[PDB]
$ cat model_5.txt   # compact mmCIF, C-alpha atoms
# COMPACT_ATOMS: atom_id res chain seq x y z
CA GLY A 1 0.00 0.00 0.00
CA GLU A 2 0.97 3.66 -0.64
CA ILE A 3 0.89 4.68 3.10
CA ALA A 4 3.14 1.72 4.11
CA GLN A 5 5.37 2.55 1.02
CA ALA A 6 5.68 6.19 2.21
CA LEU A 7 6.51 5.10 5.82
CA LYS A 8 9.26 2.78 4.38
CA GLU A 9 10.62 5.88 2.49
CA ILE A 10 10.70 7.70 5.87
CA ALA A 11 12.70 4.74 7.33
CA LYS A 12 15.15 4.92 4.39
CA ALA A 13 15.63 8.68 4.95
CA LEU A 14 16.29 8.07 8.66
CA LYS A 15 18.98 5.51 7.65
CA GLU A 16 20.53 8.26 5.45
CA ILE A 17 20.64 10.48 8.57
CA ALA A 18 22.37 7.61 10.44
CA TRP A 19 24.96 7.27 7.64
CA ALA A 20 25.62 11.05 7.66
CA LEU A 21 26.16 10.91 11.44
CA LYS A 22 28.61 8.02 10.96
CA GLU A 23 30.50 10.21 8.43
CA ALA A 24 30.48 12.98 11.09
CA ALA A 25 31.89 10.54 13.69
CA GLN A 26 34.76 9.65 11.27
CA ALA A 27 35.51 13.41 10.82
CA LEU A 28 35.68 13.89 14.65
CA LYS A 29 38.18 10.87 14.84
CA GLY A 30 40.42 12.88 12.41
CA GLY B 1 -3.23 9.86 -2.26
CA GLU B 2 -2.86 13.12 -0.30
CA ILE B 3 -1.62 11.56 2.97
CA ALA B 4 0.92 9.20 1.29
CA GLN B 5 2.21 12.19 -0.80
CA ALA B 6 2.64 14.27 2.42
CA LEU B 7 4.49 11.38 4.12
CA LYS B 8 6.76 11.21 1.02
CA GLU B 9 7.41 15.01 1.47
CA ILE B 10 8.44 14.23 5.07
CA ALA B 11 10.89 11.56 3.77
CA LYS B 12 12.37 14.08 1.30
CA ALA B 13 12.80 16.65 4.12
CA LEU B 14 14.57 14.01 6.27
CA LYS B 15 16.90 13.31 3.31
CA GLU B 16 17.68 17.07 3.22
CA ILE B 17 18.63 16.78 6.92
CA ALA B 18 20.98 13.88 6.01
CA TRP B 19 22.60 16.04 3.25
CA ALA B 20 23.08 18.92 5.72
CA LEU B 21 24.74 16.58 8.23
CA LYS B 22 27.06 15.35 5.44
CA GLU B 23 28.00 19.03 4.86
CA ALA B 24 28.75 19.23 8.64
CA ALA B 25 30.90 16.04 8.44
CA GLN B 26 32.86 17.57 5.51
CA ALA B 27 33.39 20.86 7.42
CA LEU B 28 34.87 18.88 10.39
CA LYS B 29 37.26 16.98 7.93
CA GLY B 30 38.92 20.49 7.76
CA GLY C 1 -7.34 17.85 3.42
CA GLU C 2 -6.36 19.31 6.83
CA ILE C 3 -4.37 16.19 7.98
CA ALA C 4 -2.34 16.10 4.71
CA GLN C 5 -1.93 19.96 5.03
CA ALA C 6 -0.56 19.52 8.59
CA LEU C 7 1.85 16.71 7.50
CA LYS C 8 3.13 19.04 4.68
CA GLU C 9 3.73 21.72 7.44
CA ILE C 10 5.78 19.07 9.33
CA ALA C 11 7.82 18.46 6.11
CA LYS C 12 8.42 22.23 5.77
CA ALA C 13 9.61 22.44 9.40
CA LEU C 14 11.99 19.51 8.81
CA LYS C 15 13.41 21.42 5.78
CA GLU C 16 13.97 24.41 8.14
CA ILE C 17 15.96 22.05 10.42
CA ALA C 18 18.00 20.97 7.36
CA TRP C 19 18.71 24.63 6.47
CA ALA C 20 19.79 25.39 10.08
CA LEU C 21 22.16 22.40 9.98
CA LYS C 22 23.62 23.69 6.69
CA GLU C 23 24.21 27.07 8.43
CA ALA C 24 25.93 25.10 11.25
CA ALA C 25 28.13 23.29 8.69
CA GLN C 26 29.21 26.69 7.23
CA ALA C 27 30.12 27.90 10.78
CA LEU C 28 32.28 24.76 11.35
CA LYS C 29 34.10 25.49 7.95
CA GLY C 30 35.02 28.93 9.46
CA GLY D 1 -9.93 19.34 13.61
CA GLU D 2 -8.17 18.23 16.83
CA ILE D 3 -5.65 15.85 15.18
CA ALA D 4 -4.68 18.29 12.36
CA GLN D 5 -4.25 21.08 15.00
CA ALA D 6 -1.96 18.78 17.09
CA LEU D 7 0.09 17.90 13.98
CA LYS D 8 0.41 21.67 13.31
CA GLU D 9 1.70 22.07 16.95
CA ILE D 10 4.31 19.40 16.12
CA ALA D 11 5.36 21.42 13.02
CA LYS D 12 5.69 24.58 15.16
CA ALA D 13 7.85 22.68 17.71
CA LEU D 14 10.10 21.40 14.87
CA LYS D 15 10.46 25.03 13.69
CA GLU D 16 11.58 25.94 17.24
CA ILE D 17 14.25 23.20 16.91
CA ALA D 18 15.39 24.82 13.62
CA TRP D 19 15.63 28.25 15.37
CA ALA D 20 17.68 26.71 18.20
CA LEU D 21 20.07 25.12 15.70
CA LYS D 22 20.44 28.52 13.99
CA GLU D 23 21.44 29.92 17.42
CA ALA D 24 24.04 27.08 17.62
CA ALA D 25 25.33 27.95 14.10
CA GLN D 26 25.69 31.62 15.16
CA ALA D 27 27.56 30.63 18.37
CA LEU D 28 30.08 28.60 16.27
CA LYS D 29 30.59 31.67 13.89
CA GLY D 30 32.38 33.06 17.05
CA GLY E 1 -9.44 13.35 22.38
CA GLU E 2 -6.67 11.09 23.77
CA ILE E 3 -4.80 10.73 20.38
CA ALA E 4 -4.77 14.54 19.83
CA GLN E 5 -3.74 14.92 23.57
CA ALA E 6 -0.81 12.50 23.02
CA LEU E 7 0.29 14.31 19.80
CA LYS E 8 0.25 17.64 21.77
CA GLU E 9 2.53 15.89 24.39
CA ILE E 10 4.88 14.98 21.49
CA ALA E 11 4.88 18.69 20.43
CA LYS E 12 5.71 19.73 24.03
CA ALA E 13 8.61 17.24 24.14
CA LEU E 14 9.94 18.59 20.82
CA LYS E 15 9.85 22.12 22.35
CA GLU E 16 11.93 20.72 25.28
CA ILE E 17 14.47 19.48 22.68
CA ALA E 18 14.49 23.01 21.16
CA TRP E 19 15.13 24.56 24.61
CA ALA E 20 17.99 22.09 25.29
CA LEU E 21 19.55 23.01 21.93
CA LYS E 22 19.28 26.71 22.84
CA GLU E 23 21.12 25.92 26.12
CA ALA E 24 23.76 24.12 23.97
CA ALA E 25 24.07 27.20 21.72
CA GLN E 26 24.69 29.40 24.83
CA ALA E 27 27.44 26.95 25.98
CA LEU E 28 29.15 27.17 22.53
CA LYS E 29 29.06 31.08 22.82
CA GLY E 30 31.06 30.66 26.09
CA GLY F 1 -6.21 3.49 24.64
CA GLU F 2 -3.22 1.48 23.35
CA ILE F 3 -2.25 3.87 20.52
CA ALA F 4 -2.54 7.06 22.65
CA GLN F 5 -0.45 5.34 25.41
CA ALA F 6 2.25 4.42 22.82
CA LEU F 7 2.28 8.02 21.50
CA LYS F 8 2.71 9.19 25.13
CA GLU F 9 5.72 6.76 25.41
CA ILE F 10 7.16 8.46 22.30
CA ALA F 11 6.74 11.88 24.00
CA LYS F 12 8.53 10.58 27.12
CA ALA F 13 11.41 9.26 24.96
CA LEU F 14 11.70 12.66 23.22
CA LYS F 15 11.88 14.29 26.69
CA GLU F 16 14.77 11.90 27.51
CA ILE F 17 16.50 13.20 24.34
CA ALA F 18 16.00 16.78 25.61
CA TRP F 19 17.55 15.81 29.01
CA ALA F 20 20.54 14.22 27.23
CA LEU F 21 21.07 17.38 25.16
CA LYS F 22 20.96 19.43 28.39
CA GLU F 23 23.76 17.15 29.71
CA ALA F 24 25.68 17.95 26.46
CA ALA F 25 25.09 21.71 26.97
CA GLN F 26 26.43 21.42 30.56
CA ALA F 27 29.53 19.48 29.37
CA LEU F 28 30.32 22.30 26.86
CA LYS F 29 29.94 24.96 29.72
CA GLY F 30 33.26 23.31 30.88
CA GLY G 1 -2.10 -4.50 18.96
CA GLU G 2 0.66 -4.57 16.29
CA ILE G 3 0.46 -0.78 15.51
CA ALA G 4 0.71 0.16 19.23
CA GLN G 5 3.55 -2.48 19.55
CA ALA G 6 5.43 -0.84 16.64
CA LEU G 7 4.96 2.70 18.12
CA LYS G 8 6.38 1.37 21.47
CA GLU G 9 9.42 0.06 19.44
CA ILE G 10 9.81 3.62 18.04
CA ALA G 11 9.76 4.96 21.65
CA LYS G 12 12.44 2.42 22.65
CA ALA G 13 14.63 3.47 19.69
CA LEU G 14 14.24 7.15 20.68
CA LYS G 15 15.42 6.20 24.22
CA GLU G 16 18.49 4.57 22.58
CA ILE G 17 19.15 7.92 20.83
CA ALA G 18 18.86 9.65 24.25
CA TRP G 19 21.37 7.20 25.77
CA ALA G 20 23.82 7.75 22.87
CA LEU G 21 23.55 11.52 23.39
CA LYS G 22 24.27 11.04 27.11
CA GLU G 23 27.41 9.06 26.12
CA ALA G 24 28.32 12.00 23.82
CA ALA G 25 27.83 14.46 26.72
CA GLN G 26 30.24 12.36 28.88
CA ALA G 27 32.84 12.45 26.02
CA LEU G 28 32.55 16.30 25.83
CA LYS G 29 33.14 16.46 29.70
CA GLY G 30 36.46 14.61 29.04
CA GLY H 1 0.48 -5.99 8.77
CA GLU H 2 2.09 -3.63 6.23
CA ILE H 3 1.79 -0.42 8.32
CA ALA H 4 3.06 -2.02 11.58
CA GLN H 5 6.01 -3.55 9.61
CA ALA H 6 6.85 -0.08 8.15
CA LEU H 7 6.68 1.49 11.64
CA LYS H 8 9.06 -1.27 12.84
CA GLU H 9 11.44 -0.30 9.93
CA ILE H 10 11.29 3.29 11.25
CA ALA H 11 12.26 2.02 14.75
CA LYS H 12 15.21 0.09 13.26
CA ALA H 13 16.37 3.23 11.38
CA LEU H 14 16.17 5.27 14.62
CA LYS H 15 18.31 2.57 16.31
CA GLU H 16 20.87 3.04 13.48
CA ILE H 17 20.88 6.77 14.35
CA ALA H 18 21.59 5.85 18.00
CA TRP H 19 24.52 3.60 16.89
CA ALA H 20 25.94 6.43 14.75
CA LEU H 21 25.74 8.84 17.69
CA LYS H 22 27.58 6.27 19.84
CA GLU H 23 30.32 6.26 17.15
CA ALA H 24 30.40 10.10 17.49
CA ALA H 25 30.66 9.81 21.32
CA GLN H 26 33.60 7.36 20.91
CA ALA H 27 35.36 9.71 18.42
CA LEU H 28 35.11 12.59 20.98
CA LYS H 29 36.61 10.26 23.75
CA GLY H 30 39.80 10.73 21.59

$ encode --input "model_5.txt" --output "structure tokens"
Amino acid sequence: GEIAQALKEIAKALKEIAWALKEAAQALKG
Amino acid sequence: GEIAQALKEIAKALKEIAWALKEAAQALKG
Amino acid sequence: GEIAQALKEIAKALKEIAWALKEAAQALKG
Amino acid sequence: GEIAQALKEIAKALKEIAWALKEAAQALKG
Amino acid sequence: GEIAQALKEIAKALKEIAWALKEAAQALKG
Amino acid sequence: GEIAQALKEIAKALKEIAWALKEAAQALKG
Amino acid sequence: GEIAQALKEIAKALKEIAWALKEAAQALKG
Amino acid sequence: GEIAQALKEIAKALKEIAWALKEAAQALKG
């Protein structure tokens, strides 16, 4: 369904936030 | 539908947050 | 509809968070 | 309606988060 | 209604996040 | 009801995020 | 119910974000 | 159900955000 589809797109975007934070953590290690 | 499209707009906005955090990560790199 | 309208206002606010984070990233570059 | 009005209150709160992050960005500027 | 009530409690908690970020911004000014 | 109670649990978790950010603000103060 | 169950899992994940931020605050104290 | 499963995917994504913030906390530790 389209509402479940759209909530799965929200989950994917949250995972992109997680990956960006991981990239931030690597920059702080530097 | 209207509600699924609005949820998809929320996902896109979350992706824009991820891109902004990547810009932050890059700024820390130096 | 008013619920879709309100979810689109949530998306707009999330984009304002993204823009604030971009401004933060520019400050870290400094 | 009650639920749309509550979702609009959530959007306003997210905007307050954006303003707070702008204050953070300004504090980093110096 | 109880669902609108609970969404207004979510808005209040988001405002508490905003206030904490403002306190963070003041600490960075220091 | 079950759903309102779960939304209230989400609000409480967001408040715990606010408290953690206050701890971060205090750590920056020195 | 499964939707209330899933919203309680979202609350638990938000508490894990709070705990991670507390760990961050301890690192800034250092 | 589809919607509960999508909400559970959102919880998992939030947990990935928590793990990324823990990586950030560790990077600050030194």

$ atom_distance --input "model_5.txt" --atom1 "atom CA of residue F:20" --atom2 "atom CA of residue C:10"
23.7 Å

$ atom_distance --input "model_5.txt" --atom1 "atom CA of residue C:15" --atom2 "atom CA of residue B:14"
7.5 Å

$ residues_near_point --input "model_5.txt" --point "(0.2, 10.2, 19.7)" --cutoff "6 Å" --atoms "only C-alpha atoms" --output "PyMOL selection string"
(chain E and resi 3+6-7) or (chain F and resi 4+7)

$ atom_distance --input "model_5.txt" --atom1 "atom CA of residue E:22" --atom2 "atom CA of residue C:17"
13.7 Å

$ residues_around --input "model_5.txt" --residues "residue D:25" --least-positions-apart "3" --cutoff "6 Å" --atoms "all atoms listed in the file" --output "PyMOL selection string"
(chain C and resi 23-24+27) or (chain D and resi 22+28)
